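This document opens with one chain alone, in C-alpha cells, the form deposited in one PDB entry.
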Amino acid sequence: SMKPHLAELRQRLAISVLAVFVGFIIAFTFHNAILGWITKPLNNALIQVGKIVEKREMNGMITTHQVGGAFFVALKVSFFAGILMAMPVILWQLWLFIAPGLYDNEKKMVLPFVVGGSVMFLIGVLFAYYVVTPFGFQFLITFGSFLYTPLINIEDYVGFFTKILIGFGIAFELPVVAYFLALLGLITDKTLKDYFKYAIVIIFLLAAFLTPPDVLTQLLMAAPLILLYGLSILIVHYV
C-alpha cells in the first residue's frame, strides 16, 4: 500500500530539503541586500515622519534589543528567502508526486493554476511592498509621533513586515482560487452564500491560529478575511 509511495515521497522530500538548504546559503550570501530591501520602507517612514515632527516643534531609528537579534534576523530573512527560492523545486517535486494520480482531463488545469496562482502571489507581495507599505508605515508611525518615540526594533519588525508581505500574497490568491473554481464550474453564487454560516466560524478559527492569543488580533484578522470572502461572492456572481 504505502510501501511504494513512501519510498517515492522520501526521495522527493530529500530534494526539497536540499533546495531549501542551497537557497539558504545563497540568501545568506546576500543577506545585507535582502535586509536593506526589507528595512528600506521603515527608513523612509521614519525620515518622512521626522520632517513632520520637526516642523510642528519649530529622535527615532532602527534598533535591536537582543544581543543575537541582528544575527537571528539575518538568518530568519535568509531562511524565508531560501524557501521562496526553493519553491520552484518544491512545487516541481510536488507535481511529480501527484502527476500520475491526476487524470488527463484535469492535468491541463494545474499548470495554468500554478502559473496563475504564483503570478498573483508575486503581485500581492509587490503591491504590499510598493503601494500599501509606504502609506501604511507612515500613517502608523505618525499615530504615536506626538506621544511616543519610535525606537523600532528589527526583531519584531521582520516578523511584522514578512507577515504583511506573505499575507497580501495569499490575500490576492483567494480571489483567483475562487475564480479558477468558477470557470470550470464547481460552486455557484448560492453555494458560497448558504455556506457562509459555517465559513464565518472557520474564519475565526483561522484567525486564532495566525494571531497571538489576544481577541483583538483575532478580530483584526477576521475582518480582512470576511471581506475576502465577500469579494469572492461577486467574483462567482459575475462569472
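Between two forms, the rigid core is defined as the largest C-alpha subset superposing within 1.5 Å. Residue positions are given as counts along the sequence shown, with the first one as 1.
Compared with other entries of the same protein, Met58 falls in the group left without coordinates by at least a third of them, where both flanks are modelled.
The deposited sequence places 10 or more unmodelled residues between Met58 and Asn59.
FYI, the form deposited in another entry isn't displayed, but the following is about it.
For the residues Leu140, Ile123, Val132, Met109, superposed on the rigid core between this form and the one not shown, a C-alpha shift of 2 angstroms or more shows up only at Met109. With the core held fixed, the Cα of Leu151 is displaced between this form and the one not shown by less than 2 Å.
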